[PDB]
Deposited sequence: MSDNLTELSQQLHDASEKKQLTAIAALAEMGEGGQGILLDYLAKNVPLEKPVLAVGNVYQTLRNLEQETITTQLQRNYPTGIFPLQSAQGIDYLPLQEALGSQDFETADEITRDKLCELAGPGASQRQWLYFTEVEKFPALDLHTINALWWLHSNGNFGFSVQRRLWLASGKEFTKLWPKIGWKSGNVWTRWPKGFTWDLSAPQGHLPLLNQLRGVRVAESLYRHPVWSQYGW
């Protein structure tokens, strides 16, 4: 039957979208898919898309069931430093990308330690020493909850495709428009209409050293990003 065919299609995005618009039957199939695939080991975009598509329906019973079954979301919230990533997950699950961006900024300082937490900005050497595990968790959350549109991994791949020229990267990801830097916070696009790689933001006020160290970090290759 048609719904079963759609289940097999889990192109993944098209089936998921169709199933979600097909009432209780379609939504049941999506819920069963999560039950069979969560918690994720590796990030799988289809699973992120099923969860987020269901969240986006904004229906009490679905949302309540998701919170009950998956109170911490679909991806293990692991940290080499014991950091709490649930508020980041919650902001992303609500598609509140502006809050998610603020939390990510705060969490990176927390990850770097007392000094960064106090000054509220990073040195490139702190970024180089970040544990891979935390960067993987943070990136996975952004990626899984944005249909792969957001994440440092996404920016890194665009940077690689720009010959590592940051001046070519900024317009691609919407951080500069010609000679004009995008102005924080109102100039940015806090939704999925934003260009690929738009979030999370890396303030350029202190130069590109932090961003470059982040994109060169071993985590991306290590975890297959």
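| Ranges missing from the model, given as deposited sequence positions | According to the deposited record, C-alpha coordinates are absent for 1-2, 13-18, which together make up the missing parts.
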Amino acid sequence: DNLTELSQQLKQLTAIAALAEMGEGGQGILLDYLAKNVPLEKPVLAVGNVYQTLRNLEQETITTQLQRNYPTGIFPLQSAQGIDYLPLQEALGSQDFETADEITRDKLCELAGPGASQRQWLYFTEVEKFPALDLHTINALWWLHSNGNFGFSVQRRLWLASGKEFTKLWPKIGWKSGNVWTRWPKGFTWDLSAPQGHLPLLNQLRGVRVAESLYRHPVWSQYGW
From here on, numbers count along this sequence of modelled residues.
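Under this definition, the rigid core comprises the largest set of C-alpha atoms superposing within 1.5 Å between the forms.
| in 5 other deposited structures of this protein, superposed by the rigid core, which stretch departs further from the shown form in CA positions, 103-111 or 116-124? | So, of the two stretches, the farther one in 5 other deposited structures of this protein is 116-124.
| message | Using the rigid core for superposition, please say which stretch has the greater CA deviation in 5 other deposited structures of this protein, 64-72 or 180-188. | response | Of the two stretches, the larger average C-alpha offset in 5 other deposited structures of this protein falls on 180-188.
| query | Per the PDB record, is the mean Cα temperature factor higher over 215-223 or over 1-9? | reply | The entry gives the higher C-alpha B-factor average to 1-9.
| request: Output the stretch having the higher mean C-alpha B factor in the entry; the candidates are 38-46 and 22-30. | output: Between 22-30 and 38-46, it is 22-30 that shows the higher mean C-alpha B-factor.
| query | Hey, out of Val180, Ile173, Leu160, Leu54, whose CA B-factor is highest in the deposited coordinates? | reply | When the deposited C-alpha B-factors of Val180, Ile173, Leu160, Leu54 are compared, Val180 is largest.
| said: Among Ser117, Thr104, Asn149, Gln89, where is the Cα B factor highest in this entry? | reply: Answer for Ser117, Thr104, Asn149, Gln89: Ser117, with the highest C-alpha B-factor.
| Can you tell me which third, lowest, middle or highest, the CA B-factor of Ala194 falls into for its chain? | Middle third, going by the recorded CA B-factors of the chain.
| message | Is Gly73 in the lowest, middle or highest third of its chain when residues are ranked by C-alpha B-factor? | response | Ranked within chain, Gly73 CA B lands in the lowest tercile.
| query | Where does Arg156 sit by CA temperature factor within its chain: lowest, middle or highest third? | reply | Ranked within chain, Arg156 CA B lands in the lowest tercile.
| query | Mind checking which third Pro131 falls in for C-alpha B-factor across the chain? | reply | Answer is middle: the recorded C-alpha B-factor places it there.
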